[PDB]
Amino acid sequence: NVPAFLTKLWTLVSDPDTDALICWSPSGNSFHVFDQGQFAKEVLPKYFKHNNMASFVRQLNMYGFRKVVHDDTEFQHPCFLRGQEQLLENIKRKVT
């Protein structure tokens, strides 16, 4: 029972067709968004029902992702990892 957000994110990051704007970091334990504006206008509304970077980022925080602090946005969750989709089962949406 893995939420759509996570399997879509995983597919989106992993897809080579989108790697110019969103791709795995070299060590495969975090991912990069490039050219936010382009990414928000062109990519997000193909996967989700919006075109707002801020809405995407909220979801990331809700699922426990943390920003990696350095137009290049990097995010990270330890059980969100290249080549290991089975680990998405351990990522939980934060309740209250």
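Start at 1 with the first residue shown and count on from there. So that the term is clear: the rigid core is the largest set of C-alpha atoms that superpose within 1.5 Å between two forms.
Chemist: Which stretch is more displaced from the shown form in 6 other deposited structures of this protein, 43-51 or 58-66, with RMS over structures and residues of Cα positions after a rigid core fit?
Modeler: Stretch with the higher C-alpha RMS distance in 6 other deposited structures of this protein: 43-51.
Chemist: When you step from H70 to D71 in this entry, do you jump over none, 1 to 3, 4 to 9, or 10 or more residues of the deposited sequence that have no coordinates?
Modeler: The entry leaves 10 or more residues without coordinates here.
Chemist: Higher average CA B factor in the deposited record is what I'm after, so tell me if that's 60-68 or 45-53.
Modeler: Going by the record's values, the stretch with the higher mean is 45-53.
Chemist: Please compare 74-82 with 18-26 and name the stretch with the higher mean C-alpha B-factor in the deposited structure.
Modeler: Averaging CA B-factors over each stretch, the winner is 18-26.
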